[PDB]
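So the structure is just underneath, and the comments pick up after that.
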RNA sequence: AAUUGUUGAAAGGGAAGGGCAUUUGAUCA
RNA sequence: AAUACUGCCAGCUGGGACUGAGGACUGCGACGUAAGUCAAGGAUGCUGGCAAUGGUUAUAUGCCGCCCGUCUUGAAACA
RNA sequence: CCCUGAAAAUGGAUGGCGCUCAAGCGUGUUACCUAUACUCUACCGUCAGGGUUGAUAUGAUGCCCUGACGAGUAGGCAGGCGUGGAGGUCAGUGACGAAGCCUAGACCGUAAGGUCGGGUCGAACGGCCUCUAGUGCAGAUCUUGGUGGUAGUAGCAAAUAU
RNA sequence: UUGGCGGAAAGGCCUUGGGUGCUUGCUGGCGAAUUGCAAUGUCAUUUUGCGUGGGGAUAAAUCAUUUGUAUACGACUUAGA
């Protein structure tokens, strides 16, 4: 139930990790630009990691688009769900982690009634 | 084409043969080299003896057991020549090396198989007439090889056996040629000649 | 609200495609492909088996025959890129191929859910095949060794180079 | 018939590479019986198949094939350049692949 | 933990060359083994098929002490207490029910091929 | 640089293939005579053939005709430069220097 | 978290760690 | 006379690879006397298979890859 | 061209293997391989030249068209993520589970970061427009706490002896 | 199945007589399909365990004690139904 859109292509499907993250525990897996005078990553040698650049972006037509073709929208109540009544073709509901099951079931029922796709249907539900 | 290619070492230049065999092994063809003691190298015997002495001089100072292993057998010399050509450190180079089998003389599992020569690595086809060459067997036995007589006796016995086999094969071939000649001058023969085969 | 509001929503109205100036034209077959030509199939079940080209169907597949008293390939359609046309040719004059057409070979798309997890031919198709092959062998028998030639299957031997072989 | 072959033997030499930089997207295939580009300009556009075998059945068969096509000629020894849908695992530098005769123009 | 320890021939049966004969650890392990045997007997498990299926030794909080060194320096002289746990089980493993059916997906060409083999072979 | 006397055929090929104009300081491709007439009609040039004529035969408005055309961005020669070292004179065996009528082959190879 | 013990998985011819592409194993809509 | 060499064709044609962007019409052209058509300001038609492709991670393979930060013209340094 | 002149200390350098009508040397001619170089195309960002209140229809800081460019230390400017608090709003979430932690599970964004699935867990927490700062760590022989290789190792040998 | 040759890595080769098939050397008959325009369209070999029949025999090493041609411990060398 997605509008006709061009095939989503990603110029870099990998994750940009900080240098020496796998070497030192203090260095977390969050990108930080190397500002050292003799940093090989900063000097962009051959065989090292790749810094994020402006060219690694994505097409604006297929930006913020899930693989199912529906944009992700965070909802918290039935009133929030009513917002995407005439925009179910491009936006998909997503229940946040702070909603209990007693409201999750009602939200799912309303989404089914209004034909709104939910990205997390099996959330906090009995197995 | 052949799964295993047997190459004779007679009258073959060591460097050119080593390059050809290394290229074939990297391509992925199984190669066995026989009679490596008859390999010929350009230059004089004294020249190659001095070169081998210079190679022998190289050794690790602190522990000579960890230095370069100067193998003396002609087959091992050929193997070292090919190893200096193939990247033995990599797994692909290791596989190419295990694809190689170098022997002195004609082993029992290879005497009864066809032997192949390399036309682009032969002394009689590359070296200028009148140029001085040497024998790998003589160089090895002057450097320290100690099995020159054993391989010579084995080669003589194998040559006698192969001569008897070739006498029998020549008799059979003469009989087959006579049979083909008798079968010729027929309608099938004329049709085959018209169609080429 | 976890997310306040999207300021502008894209309109969920589909846009018609622009008019395309891409017409269709009949396929131009190779000069070596002419009805009555002996062909060798490269891909499929009946590969290597030798067949005879009869008619060019409108769906850009050649109508081919494997006359059933020779090698057993049925009257089928074959792609132009999976056939080699040999030099020898047997004419197909007097053999009617007007009945065969695209809707003759109806797929009748198989049912979806009920798959062949475990465990036929039409008498009309058998009749058309017999009618064709009768005249096919009637003409083929005029020249020697064609029957055995077509019964045999093509194969590549050692030392055979296709770029120097005149098929 | 003892022989049932409808393809041409080929050897996977290596990728289109340089002294220190290699490109896995394009490979080099050597064809037996071809020695010059003049006769190498016949197996162009043909489909090359790597037919390997695994120990786990995927869809009823343990034999899996990787498909590609011949793009152009590489060198004067008859070697050709090949582009595959999935690049070869680089462990097959010398493996035997099957170059089919389709699409056939002759 | 066999760095710079002596070698012996009593450990040849295990394939190692460096082995020792601990005393306090052996007594503690034997006591806990007898406790586990008593627990199993109280529960109702016969000792015929009882085997030690799990054991674990962790490091407990250290009992800090003091030592005296040269030039009036104070150093670190604590102990390394052990937290020991073990589980014995009755051994019983004859056979299982294997895996599920593992339904395979068959292409139309594959189905035709198997049909041909069935029709041709007896 | 390498420079030489061009011919009518190579001039026409260059203008047809890589012919680009300069309108409003922009590189607008020339695929119709209307743009050429609009941007050069004051000088009597109104078609691509007229522009080619002004290029081949130097006339009163050759300066404006050349200034209207964007410099041609050619590729590397298809058949190669033909010399082992480009940075040597043509008499010395390189692409550097005047090539006279030989520039036509190089230009068509690069175009 | 540093550190440590068991279970389950992988690798280990004088290091490990990373990037470019893929096979195989595990997992995933 | 023919041929070698160079240059031209707004002469024809065989084979192979990459790319499919734009989304009712607007303009410049051709065929067609005329309806209408077109390779003409960005690819459509038909058909086949499946309901495996692909994402994350480990190993393996071919190639590349010196230790982070500072001082310095010069750092990885035996600073 | 080659040879004597021409002798330095760990064992080694046209990179080596090796090469002799060379795979050495000078010159003449073709084919072949490649740079983040050149030409075209797809996408992102920046700049420039413009169109678009004749609307229900909102963001003219919005949308669209065309062209050109995209390196970089110190440094400047601009656009954004996140943290502790305050105002307005979501008559926001939550003991049927808020915060926190774990999670070679998944999604979005080039990136800082955000979100979902599961386990532990037990009372608070979040989005939007702004204001405020004791607001982001990888080092400073940085301050405090804890923990590893060394390492079950050195050692537990003066003072006659059990 | 009879015999012979081969020790370098022989582990293979030749040969004698019979049996079991095929024989496309030549001439006929029969069936080939509904696998759908190609989707490797298997039949080869490298180990481990399991199950079925025939066939071959019922052994050593280490620790423990001790010996000394031996030694830091290892290890070597011995012995004791």
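Positions of Cβ are backbone-derived with ideal geometry, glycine not excepted, and every protein chain shown enters the neighbour counts. What follows draws every value from the coordinates through simple rules; no lab data is involved.
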Restricting attention to the stretch B:26-43, which residues are within 8 Å of RNA strand I (Cβ to nearest atom) and either more than 24 Å from residue B:115 (Cα to Cα) or within 14 Å of chain D (Cβ to nearest Cβ) (or both)?
B:43
(1) more than 11 Å from the chain's Cα centre (by Cα); (2) more than 10 Å from RNA strand H (Cβ to nearest atom); (3) part of a loop (DSSP other than H, G, I, E, B): which one isn't true of residue D:104, the others all being true?
(2)
Looking only at the stretch C:65-84, decide whether some residue is surrounded by 14 or more Cβ atoms within 10 Å (Cβ to Cβ), part of a loop (DSSP other than H, G, I, E, B) and more than 14 Å from every other protein chain (Cβ to nearest Cβ).
no
Which residue is surrounded by the most Cβ atoms within 10 Å (Cβ to Cβ), if the candidates are limited to the stretch D:1-12 and must be out of contact with any helix residue (DSSP H, G or I) (no Cβ under 7 Å at 6 or more places or on another chain) and closer than 18 Å to residue D:96 by Cα?
D:10
Which condition number does residue D:15 fail, the rest of (1) within 12 Å of another protein chain (Cβ to nearest Cβ); (2) crowded, with 17+ Cβ neighbours inside 10 Å being met?
(1)
What's the number of the only condition in (1) farther than 30 Å from residue C:149 by Cα; (2) facing another protein chain (nearest Cβ under 9 Å) that residue D:52 fails to meet?
(2)
Which residues, counting only those in the stretch C:103-118, are surrounded by 10 or more Cβ atoms within 10 Å (Cβ to Cβ) and assigned to a loop (DSSP other than H, G, I, E, B)?
C:105, C:115, C:116
Please work out which residue is farthest from residue C:1 (Cα to Cα), limiting yourself to the stretch A:55-111 and to residues that are at the interface with chain C (Cβ under 9 Å from one of its Cβ atoms) and surrounded by fewer than 12 Cβ atoms within 10 Å (Cβ to Cβ).
A:86
Scanning the stretch F:73-111 for residues that are in a loop (DSSP other than H, G, I, E, B) and in contact with a strand residue (DSSP E or B) (Cβ under 8 Å, 6 or more places away or on another chain), which turns out nearest to residue F:37 (Cα to Cα)?
F:99
Of all residues in the stretch D:7-44 being in contact with a strand residue (DSSP E or B) (Cβ under 7 Å, 6 or more places away or on another chain), more than 10 Å from RNA strand I (Cβ to nearest atom) and not in a strand (DSSP E or B), the one that is nearest to residue D:77 (Cα to Cα)
D:40
If you scan the stretch E:92-120, which residues turn out to be within 14 Å of chain D (Cβ to nearest Cβ), in a helix (DSSP H, G or I) and within 7 Å of RNA strand J (Cβ to nearest atom)?
E:108, E:109, E:110, E:111, E:112, E:113, E:115
Hits in the stretch B:63-80 - residues which are out of contact with any strand residue (DSSP E or B) (no Cβ under 7 Å at 6 or more places or on another chain) and surrounded by 12 or more Cβ atoms within 10 Å (Cβ to Cβ):
B:67, B:68, B:70, B:71, B:72, B:73, B:74, B:76, B:77, B:80
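Sort out which residues of the stretch C:40-49 are crowded, with 19+ Cβ neighbours inside 10 Å and at the interface with another protein chain (Cβ under 10 Å from one of its Cβ atoms), and write them in order of number.
Passing the criteria: C:40, C:41, C:42.
For residue A:48, indicate whether it is within 6 Å of RNA strand I (Cβ to nearest atom) and either away from chain C (no Cβ under 14 Å) or under 30 Å from residue A:95 (Cα atoms) (or both).
no
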Please verify whether residue F:15 is under 16 Å from the mean Cα position of the chain (by Cα) and not in a helix (DSSP H, G or I), treating the condition exactly as stated.
no
Checked the stretch F:22-37 for anything touching a strand residue (DSSP E or B) at 6+ places or on another chain (Cβ under 8 Å) and either part of a helix (DSSP H, G or I) or surrounded by 13 or more Cβ atoms within 10 Å (Cβ to Cβ) (or both); matches are F:22, F:28, F:30, F:35, F:36
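Listed here are the residues, each with its yes/no results for (1) surrounded by 11 or more Cβ atoms within 10 Å (Cβ to Cβ); (2) more than 14 Å from chain D (Cβ to nearest Cβ).
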{"position": "C:120", "(1), (2)": "no, yes"}
{"position": "C:130", "(1), (2)": "yes, yes"}
{"position": "C:140", "(1), (2)": "yes, yes"}
{"position": "C:148", "(1), (2)": "no, no"}
Any residue in the stretch B:67-79 that is away from chain D (no Cβ under 14 Å), over 27 Å from residue B:94 (Cα atoms) and more than 9 Å from RNA strand I (Cβ to nearest atom)?
no
Return only the number of the condition from (1) within 16 Å of RNA strand J (Cβ to nearest atom); (2) surrounded by 14 or more Cβ atoms within 10 Å (Cβ to Cβ); (3) farther than 21 Å from residue C:157 by Cα that residue D:57 does not satisfy.
(2)
Where the second residue is within 9 Å of RNA strand H (Cβ to nearest atom) and part of a loop (DSSP other than H, G, I, E, B) and the first is away from chain D (no Cβ under 14 Å) and at positive phi and lies in the stretch A:13-31, which pairs have Cβ atoms under 6 Å and are six or more apart or on separate chains?
A:20/A:27
